[PDB]
Amino acid sequence: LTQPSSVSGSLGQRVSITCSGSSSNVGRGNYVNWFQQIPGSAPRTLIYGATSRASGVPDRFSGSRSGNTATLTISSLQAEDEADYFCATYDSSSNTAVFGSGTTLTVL
Amino acid sequence: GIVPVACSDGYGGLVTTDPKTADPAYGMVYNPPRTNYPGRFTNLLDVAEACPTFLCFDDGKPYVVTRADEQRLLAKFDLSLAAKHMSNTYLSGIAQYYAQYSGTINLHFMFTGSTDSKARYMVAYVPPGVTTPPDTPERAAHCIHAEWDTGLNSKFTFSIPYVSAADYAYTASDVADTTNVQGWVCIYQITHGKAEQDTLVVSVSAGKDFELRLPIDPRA
Amino acid sequence: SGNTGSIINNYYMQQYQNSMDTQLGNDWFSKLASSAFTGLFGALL
Amino acid sequence: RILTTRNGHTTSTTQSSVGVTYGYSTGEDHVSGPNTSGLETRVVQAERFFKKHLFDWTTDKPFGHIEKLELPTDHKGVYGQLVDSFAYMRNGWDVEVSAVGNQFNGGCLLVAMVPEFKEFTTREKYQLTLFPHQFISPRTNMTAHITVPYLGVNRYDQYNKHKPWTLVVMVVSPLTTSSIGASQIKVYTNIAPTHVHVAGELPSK
Amino acid sequence: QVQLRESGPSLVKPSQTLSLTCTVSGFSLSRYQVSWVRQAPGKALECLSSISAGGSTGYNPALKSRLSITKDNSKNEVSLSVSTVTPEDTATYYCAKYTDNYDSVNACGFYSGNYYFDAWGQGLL
Amino acid sequence: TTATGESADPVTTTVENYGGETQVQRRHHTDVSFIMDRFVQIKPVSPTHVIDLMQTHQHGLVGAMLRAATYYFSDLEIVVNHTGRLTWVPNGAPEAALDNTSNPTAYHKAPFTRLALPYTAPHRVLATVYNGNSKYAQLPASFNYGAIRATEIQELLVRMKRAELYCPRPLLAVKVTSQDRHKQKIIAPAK
């Protein structure tokens, strides 16, 4: 998919990352999965179904998707939040799960 | 000589579900007369049986759309009344109050697609003797199942047989049980012709033999 | 009956006093103890 | 008094059998309960005798040395496939246990079928005769035949999750060997499911 | 606790089949779908293959027939072997367990959007 | 009678065998239904206690008799000395349902309140001992008769009405060691 290479948000300030694909890759009816991966560690799923948080994940993370654009917004940013974020969705035309290029969130 | 009542101790306390009727505190009053008022339903179970309700699905939508990818199983849900798929259904809502339920649960599947599109769907009930649901339309063929082609009659109703070791089964599955209390039920689309973006509406209604008992009060 | 000894029809109906019981369209140990071989097995004197 | 019992196509005949003992009921209870909605179907293929090897009885073993085999045991036969392929099934055990001795060695062995078996504290072993049982002794009968109708809280219970009947053999009298008599006598049990019924039909892998 | 562990060669000679094994502990390998995800160095992830509970063994369409995945419930190990390994396809390999069983299979997980990967494991290159 | 005795046939000898006369016997007191009627105290009792069998002490007469039969079906007549409103719900109903108060509840009374509750177990007959736990050797959770929730319960009394017992098991009466008799102190009038 196509998303910003990096986004910078200060601690205690809400940060929004936007993931945009195509109508086939992300349908209005369809939803996307948000994965947060710390460098040197395996990826962790933060948002599944594009509007919910997996067990063991804090409530600050929020995911909103409109049309072909899926946006993950993090509030009350913390030192642990800095990581590489990947948005994963299934493209019907491709018929294979398609992952985003990758967005790195940096806290000033 | 006054009769000796010899009243008992420790019993006769007012009970919320007690059958005893309280003494009348007012004079007889004749209420406005209503004769053969329309829509009156004597039994809650009859209302669930008479009119079927939709099942919750992905993104709060009842119809199961034909998978874009080559997947023969449209959806698989636990047979227990307290299941996410049936969470929004009316039959589960009345059933939630009752402690346990018995009898077959009827599932009505009605195709809602254009005349040019023709597809074949199979609904298979899997008993709780396996760790997981029939993985595929063939593997699930061995267990009780019905395959119906979509023709002039859009809706095909398959009744889920109720088979369990216990005569009655708890309506809501307890947290301690890590596996479904009763068997999962799976809907499989074995063959679809030009069914891309075609939706089949699936609904659940109380069966003729279906009955509820031991009413209790779970928080909703 | 069990230990009920009040000689009067119970105030509450059977359906509310107990759990009404159903059947499917006995006392095996009484049958056994009754079918008990009594007496000798050979000639008596 | 020779007694011949035939289940399905397999017949076991014991010349020294003292008789057949039925535990809790001459016949089984009504098969079609409110649960399963009449889906249960009787299978006569599974009603066959299957041999099993119990603890070998020896003089060293003392009184109270009970050996318990839970039924249904692992089965490589049609019945074993049937329990694996069917979610709920009910059958009468009809357990037959035969210990062959020279009849010059006198020992009393008590074989009983106890429902929902729980380990005894050995105080219970003295009154363990309450359950249906027969005594296997070389002096009179080398084979004990016990038929018990299946009894459970549920009409049909998955065998993998719970097993209702466990065959238990207890040595009432320690076997006393003699020069003429057999040094030790092995114990084997031929058990054939009776009136087995299956329902729910479980999908194969 | 849920734990996934990957065991395999870090360096392999090209033009050979790469075999990997995922050692699972904490959850029964027969109740949860396992998906193999490979990532390219500093590159977006690419879902590679998956196996459902009953062993659907679905493979990603782009690399389909270049790899075979076999999972054994008794040994609690999921094995993914990739044939014709090449220098271009060099990235960390992640083995994860899907909450659902046979949720997608053709796509290795997250096609429905209801069940999501619970544990991604340590990972292996 | 010189019965074979290896087939375990039920043979009972009588006084008439050697010139004696068999006396009339009345067994109303030892009847299984009659013996179960007496109330048996349940220990320990705590808030939101689940009113189910095998809580009663084994040694207790109602408990020993109940333990004697593997399968028992009866209607309870629970007596609870609650210090707060007590709510009783069916076994199928969840723990959260006790707080609702829509289900049967008894308001506080000066004396302990006695409430008769029907047997709601889904199983055809409850089992004192179950072989193999039921999940996805401990007796299953479904066997409990009901759940009663109160602010605090001083004591709980359980009485079985119309109890039926099947498949008898060993009584296991108190063991006597190094004695020819138990020699317990029987009630004696003061001299």
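About the criteria used
- Residues numbered from 1 in each chain as written, not as in the entry; some residues may be left out.
- Chains lettered and ligands numbered in written order.
- Heavy atoms only, no water.
- Contact = heavy atoms within 4.5 Å.
- Buried area = accessible area lost by both parts, 1.4 Å probe.
- Salt bridge = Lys/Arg side-chain N within 4 Å of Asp/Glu carboxyl O.
- Polar contact = N/O pair within 3.5 Å; in protein donor to acceptor, adjacent residues only side chain to side chain.
- Helix = DSSP H or I, 4+ residues; strand = E, 2+ residues; numbered from the N terminus.
- Nonpolar A, V, L, I, M, F, W, Y, C, P; charged D, E, K, R; others polar.
- Pairing = 2+ DSSP bridges.
- Axes fitted to C-alpha atoms, helices over the stretch in contact; angles between N-to-C directions.
- 1 Å grid on protein atoms, 1.4 Å probe; cavity = no way out; pocket = protein on both sides within 12 Å on 5 of 7 lines; lining within 4 Å.
- Points joined across faces, edges and corners; volume = space filled by probe spheres on them.
- Buried < 20%, exposed > 50% of the residue type's maximum accessible area, 1.4 Å probe, protein only.
- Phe/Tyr/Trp six-rings, centres within 6.5 Å; stacked < 30°, edge-to-face > 60°.
- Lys NZ or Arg CZ within 6 Å of the ring centre and 35° of its normal.

For chain F, the PDB entry supplies the name A/WH/CHA/09 VP1 and the organism Foot-and-mouth disease virus A. Recorded in the entry header as its title is "Complex of FMDV A/WH/CHA/09 and bovine neutralizing scFv antibody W2".

Identification of chain A as IG LAMDA CHAIN VARIABLE REGION from Bos taurus is taken from the PDB entry.

Asker: Could you clarify how one ought to interpret the interface of chain F and chain B in this entry?
Answerer: Interfaces are often sized by the amount of accessible area the parts lose when they come together. Contact residues are listed per partner, giving 26 residues for chain F and 26 residues for chain B. Three residues stand out in chain F for area buried against chain B, namely F:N100, F:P122 and F:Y136, and they jointly supply 26% of the buried area on that side. Taken together, the links from chain F to chain B amount to 0 salt bridges. There are 11 residue pairs in polar contact connecting chain F and chain B. If you list the elements that add at least two residues to the side of chain F that touches chain B, you get β6 (105-106) and β7 (113-114) of chain F. In terms of residue class, the side of chain F that touches chain B is built from 12 nonpolar, 11 polar and 3 charged.

Asker: What should I look at first to understand the sheet that holds strand β4 (residues 45-51) of chain E in this one?
Answerer: Paired through backbone hydrogen bonds, the strands of a sheet run either parallel or antiparallel to each other. All names here are of chain E. Spatial ordering of the open sheet is given by β4-β3-β7-β8, a layout of 4 strands whose pairing is antiparallel. On the outer flanks of this sheet lie β4 and β8 (117-119), each paired with one strand and no other. Strand-to-strand, the axes of this sheet are offset by a mean angle of 40°, without reference to chain direction. Of the pairings in the sheet, the one linking strand β3 (residues 33-39) to strand β7 (residues 93-98) comprises 6 bridges and is antiparallel in character. Counted as the bridge partner of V34 is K97 from β7.

Asker: Quick question: what am I supposed to make of empty space enclosed by the protein here?
Answerer: Summary: where empty space remains is shown by rolling a probe the size of a single water molecule over the atoms. By volume, the largest cavity amounts to about 190 Å³. What lines the largest cavity is a set of 17 residues, and nearest its centre among them are B:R67, B:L74, B:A75, E:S112 and E:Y115. At the level of elements, β3 (73-78) and α2 (84-87) of chain B are the ones that each hand at least two residues to the lining of the largest cavity. Among the elements that line the lining of the largest cavity, the one with the most residues is β3(B), at 4 residues. Grouping the constituent residues of the lining of the largest cavity by class yields 6 nonpolar, 5 polar and 6 charged.

Asker: Looking at this model, I keep getting lost on the interface of chain F and chain D. Mind explaining?
Answerer: Every contact between the two is made by 30 residues of chain F and, on the other side, 32 residues of chain D. Buried area between chain F and chain D, summed over both chains or domains, comes out near 2700 Å², and the portion from carbon and sulfur atoms is 55%. Of all residues in chain F, F:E6, F:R124 and F:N131 give up the largest surface area on contact with chain D, accounting jointly for 28% of the area buried on that side. Inspection of the region where chain F meets chain D yields 1 salt bridge. D:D29 is paired through a salt bridge with F:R124; the nearest N and O atoms lie 2.8 Å apart. Viewed at the interface, chain D and chain F are joined by 18 residue pairs in polar contact. At the level of secondary structure, the elements contributing two or more residues to the side of chain F that touches chain D comprise β3 (69-76), β8 (126-127) and β11 (160-168) of chain F. Here the residues of the side of chain F that touches chain D sort into 16 nonpolar, 9 polar and 5 charged.

Asker: Please clarify how the layout of surface pockets should be interpreted in this entry.
Answerer: All names here are of chain B. Roughly 1100 Å³ of volume is contained in the second largest pocket. No other element matches the 3 residues that strand β2 (residues 63-65) contributes to the lining of the second largest pocket. Class assignment of the residues belonging to the lining of the second largest pocket gives a composition of 10 nonpolar, 15 polar and 7 charged.

Asker: Explanation requested: the pattern of salt bridges in the structure shown.
Answerer: Charged atoms that come close allow side chains of opposite charge to pair. Scanning the model with the defined rule gives 19 salt bridges over all chains in all. Note that A:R60 and A:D81 form a salt bridge whose closest N and O atoms lie 2.7 Å from each other. Here A:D81 lies in the loop between β6 (69-74) and β7 (83-91) and A:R60 lies in the loop between β4 (44-47) and β5 (61-66), a separation of 21 residues in the sequence. Pair check on accessibility: A:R60 and A:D81 agree, each one buried. Across the pair D:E47 and D:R42 runs a salt bridge whose closest N-O atoms are separated by 2.7 Å.

Asker: Please clarify how the packing of aromatic side chains should be interpreted in this entry.
Answerer: Remark: the centre distance and the inter-plane angle together describe each pair of aromatic rings, the angle taken between the planes. Here the structure, examined in full by the defined rule, presents 31 aromatic pairs over all chains. Between E:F27 and E:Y32, the aromatic rings sit 5.5 Å apart at their centres with planes inclined by 75°, giving edge-to-face as the arrangement. A single burial state applies to E:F27 and to E:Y32, both of which are buried. The side chain of A:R65 reaches across the aromatic face of A:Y31, ending 5.3 Å from its centre.

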